> 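Submitted below is the structure of interest, expressed as structure tokens.
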Amino acid sequence: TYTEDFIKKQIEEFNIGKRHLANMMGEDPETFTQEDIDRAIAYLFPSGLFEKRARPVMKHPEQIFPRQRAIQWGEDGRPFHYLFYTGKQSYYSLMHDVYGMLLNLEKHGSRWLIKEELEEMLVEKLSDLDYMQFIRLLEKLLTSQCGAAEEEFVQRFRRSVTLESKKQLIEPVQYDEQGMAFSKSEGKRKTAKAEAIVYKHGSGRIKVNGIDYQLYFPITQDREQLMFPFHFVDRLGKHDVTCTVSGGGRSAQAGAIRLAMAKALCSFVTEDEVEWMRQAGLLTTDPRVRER
Amino acid sequence: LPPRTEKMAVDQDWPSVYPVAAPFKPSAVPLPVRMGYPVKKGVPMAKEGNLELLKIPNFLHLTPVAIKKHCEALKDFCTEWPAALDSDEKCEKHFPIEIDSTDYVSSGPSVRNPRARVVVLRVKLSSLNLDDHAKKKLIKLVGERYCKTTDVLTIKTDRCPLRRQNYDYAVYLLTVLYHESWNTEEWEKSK
Amino acid sequence: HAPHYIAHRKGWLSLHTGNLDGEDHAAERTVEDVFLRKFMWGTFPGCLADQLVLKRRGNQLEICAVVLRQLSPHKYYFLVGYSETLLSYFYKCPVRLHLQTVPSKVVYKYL
Amino acid sequence: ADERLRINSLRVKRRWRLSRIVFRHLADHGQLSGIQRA
Amino acid sequence: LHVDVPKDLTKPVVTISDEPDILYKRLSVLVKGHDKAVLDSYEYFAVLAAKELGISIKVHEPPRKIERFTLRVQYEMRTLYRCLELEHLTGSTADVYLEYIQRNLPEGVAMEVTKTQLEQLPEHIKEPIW
RNA sequence: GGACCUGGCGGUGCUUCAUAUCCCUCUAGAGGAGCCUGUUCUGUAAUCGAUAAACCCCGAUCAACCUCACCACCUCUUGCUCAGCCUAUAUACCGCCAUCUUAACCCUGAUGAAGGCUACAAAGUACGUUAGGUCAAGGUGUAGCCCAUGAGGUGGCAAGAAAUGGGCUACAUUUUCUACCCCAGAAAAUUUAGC
Ligand SMILES: [Mg+2]
Ligand SMILES: [Mg+2]
């Protein structure tokens, strides 16, 4: 257990160490920031340990120490909160506020806050059923015609689902010396590695290692694989492709070229079409390779 | 006894505290640095007694101020690149031959490395005064050592133990190749 | 910490280039490490709080050891001098010691 | 070596020089440089 | 030292010889290590020294190599790279820079310095023998 | 002897479902041919034996007059070096595999044994074992023999039957040969594994 005196001292040592590190790096201590602390500690004490928390850290003692101690009543003994004797003053105060807003309204991409972090916000342990009751009240408040104060109040209790997998990197459009717009991309299948350049305008000519695609790929299966990207988005005969493939075999080279052309063609199509290609599996590297 | 970090001022000359590469000394480093995967409801371990901080190759003896203050004193040992050689275009004009040699720095009692003897001479045939027959003969004689795309002849010598001996061997090989390319045998008449 | 944290949470006690790709004499370095650890643990019996750190830069050989405060400082100085000279004439390289005394074993957790 | 070669001309973890058990013991402790188990 | 300072210091003796200095077109320093953070810190150190000594430096990262071997119990070794190409530096500048950065080579990191000296054709090869 | 409380039932059957291992489902073999072979039986005075140790001379392959083992005759010895021995012992120990055994508090019942939950909430909160195998990728000891468990000479030792298990070869029309590296021309039931 960490006494408040202990945390006070550690704050002092952190401040003096911050000025010391600022002196060592030559930066001005007055404007020296926490990002500077992290960067300087990484430089002075290099560590490639994969666990980021196992690497050297000099953070402000407030973030490190889990010491908490909240006083609920004064010297006279009177509790500060009017719901103290319930034992869950924070939770019931929140419920009271929500019910009052619901009364007022009656007179007139994201996820719900999970139980443990609701406890963290309230700094009070709570059960499953009361959490369900609170979530039901929040849903009821959403159902009503929530005004401003209501929906930022609800937004206090809604986290962000930052797992949007529609994050394909659209290659920038480049321009050749002739002024023609194009886009370059890479792809890999087994040991085959391909790099394709797709032109914005063309007549459907594909050149594989300087050779026509029907001559470089005698087998119809490879030609169908080269078709799949352009056909999926209804632009066969509307682009020119210049690709270079190396390594692997016939099927691996065809798959790598397909991936490269799809990733380069992402530039000239709409975001919806990019998502349709992604859901069709045209923009994912195949990770299946020979096993030892 | 108390650590000497307590006596260090906030405006000290840090390079004097760590003049050279030295291990992490928690009684000498005035930082409250912590490192270690914390336990449940715990904190990363403190520096005093931390073997993990002692295992890092710390760069405390190389700070930006220390680096500047060192390389400012080391300027006296340097010479100036000839300003006439502004780019590689004139480097390949005034100094045709390129000699590549490698040194290896490992850690141990022995400084020897078998790979330090290799020498690579690179010269563009266009820099050598060869007529049509001479260049044909030299190209056919060298074989794959000549790359047609780059017009460069690459002679790699590693037979001799030392490196000066291999450099001399490469020079002698180039000398013979040139002289024997500028020679026509009675045999060479009827190509 | 378990062995599967050697590159995640734990580190490497001995640090040398010999094991890298293309570098030679890995087995020689390992044999030197084995003897060096045995000789330190026998020259400082019950003193080392935790394992050594055997660093090597050029021909240098730094033993960054962590010991206790139980022996008298005179004995520590005598042992440092003896072991330094013995190892320097042992390996024909400039060996060095960096003893770090701690009040007691720095326990991390309990198993 | 030279003498025996002349007549002929006319005609386990040995990589690290450790016992196979010991190499596991050393490598688990992190003792070997760069030998991380994966 | 607030008052007690060395009054004068013995600067080392650097004599300007008469023999012409060597010229290096390129100098590739490939540093190999088991740790990426050490290589990044050493890259910062070397680059700062190169900028201050007037040397032209360019850094890149050659691909990492993996040695996997099974004794079942399976072990792995990582080799990460950082390549520093210095360009257009004379013999003395290159020698002093290399001495500095090799004396300050961190633990567990090896180096492979490739020097490409510029030389002239031998006088024997200027004209054919008659 | 009356009434009541806690049970345990090393519990017994059914009911409902979780119901994964394992079957069924899929793929390829194995049943044919020719060889070499492991085991078992019987045979001889003897051993059918073993080639980091023979022969070979496309690939392989049998004895080889080889050689160590064995049978029958013999010989050498203070000799190699206070000699020599591919002897025994884990039924000596470790090393390694396998067998088997194995807290407090607060309320309720009249302050009895005893009991304490309802969320639109009603008292509950805080190791041994083994005549075990393995001395072929490992060690430490302990005993044997020493005119013989050491060293040599002479000759001899050639094996047959089935019943079963495995291994090596070719086995094709979705084939084969040439040019090419894919638009050509000519020929002709049981049962073992895996996903
Ligand atoms: Mg036994
Ligand atoms: Mg027989």
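Residue numbering restarts at 1 for every chain, and letters A, B, ... go by the order of the sequence lines. The figures that follow rest on heavy atoms only: side chains count, while hydrogens, waters and symmetry mates do not.
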> With a cut-off of 5.5 Å for ring centres and 30° for planes, do F/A28 and F/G29 stack?
yes

> Could you label the plane-to-plane angle of the C/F35 and C/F39 rings as parallel, tilted or perpendicular, counting under 30° as parallel and over 60° as perpendicular?
parallel

> Output yes when C/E28 and C/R56 qualify as a salt bridge under the 4.0 Å nitrogen-oxygen rule, no when they do not.
no

> Which pair of heavy atoms, one from B/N113 and one from B/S106, lies closest together, and at what distance?
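Between these two residues, the closest heavy atoms are ND2-OG, 4.5 Å.
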
> Using a 3.5 Å upper limit on both distances, decide if F/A131 and F/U102 constitute a Watson-Crick or G-U wobble pair.
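In fact, F/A131 forms no Watson-Crick or wobble pair with F/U102 that has both distances under 3.5 Å.
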
> Under 3.5 Å for both contacts, Watson-Crick or G-U wobble geometry: does that describe F/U149 with F/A28?
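F/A28 does not match F/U149 under the WC/wobble rule.
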
> Under the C1'-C2'-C3'-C4' criterion, what is the pucker of the sugar in F/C93: north or south?
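That sugar belongs to the north family, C3'-endo side.
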
> Enumerate the protein-to-nucleotides 117-122 of chain F contacts in which both atoms are nitrogen or oxygen and the separation is below 3.5 Å.
unit_1	atom_1	unit_2	atom_2	d
F/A119	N1	A/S127	OG	3.4

> Using the sign of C1'-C2'-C3'-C4', would you call the sugar of F/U178 north or south?
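Of the two classes, F/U178 takes north, because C1'-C2'-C3'-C4' is positive.
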
> If a pair means Watson-Crick or G-U wobble with both distances below 3.5 Å, are F/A179 and F/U27 one?
no

> Once you look at the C1'-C2'-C3'-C4' sign, would you call F/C80 north or south?
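It's south.
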
> Between A/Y199 and A/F182, what is the ring plane arrangement, given parallel below 30°, perpendicular above 60°, and tilted in between?
tilted

> For adjacent nucleotides F/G10 and F/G11, indicate whether their bases are stacked under the rule of ring centres within 5.5 Å (strictly under) and plane angle under 30°.
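Result for this step: unstacked.
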
> Does the A/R223 side chain pair with the main chain of A/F217, one donor and one acceptor, at a distance under 3.5 Å?
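It does hold such a pair.
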
> Using centres closer than 5.5 angstrom and planes tilted less than 30 degrees as the test, would you call F/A45 and F/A46 a stacked pair?
yes

> Check the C1'-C2'-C3'-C4' sign on F/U81 and let me know if the sugar comes out north or south.
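On the sign test, where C1'-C2'-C3'-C4' is negative, F/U81 is classed south.
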
> When the distance from CG of A/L126 to P of F/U125 is rounded to whole Å, what number comes out?
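Value for this atom pair: 14 Å.
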
> Check F/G34 against F/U111: Watson-Crick (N1-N3 plus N6-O4 or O6-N4) or wobble (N1-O2 and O6-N3), both under 3.5 Å. Paired or not?
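When the criterion is applied, F/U111 and F/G34 do not count as a base pair.
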
> Are the side chain of C/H16 and the backbone N or O of C/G18 linked by a donor-acceptor pair below 3.5 Å?
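Yes, the answer is positive, given that a donor and an acceptor are paired below the 3.5 Å cut-off.
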
> 5'-most contact on RNA chain F: D/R20 or A/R250, nearest heavy atom basis?
D/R20

> Can you tell me how far P of F/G95 sits from CD1 of D/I21, to the nearest Å?
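Those two atoms, CD1 and P, are 12 Å apart.
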
> Please indicate the pucker of F/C76, north or south, going by the torsion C1'-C2'-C3'-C4'.
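Pucker flag: north.
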
> I'd like to know if F/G13 pairs with F/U91, where a pair means Watson-Crick or G-U wobble geometry with both distances below 3.5 Å.
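F/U91/F/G13: base pair absent.
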
> For the backbone of B/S110 and the side chain of B/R112, can you confirm whether one donor and one acceptor N or O come within less than 3.5 Å of each other?
no

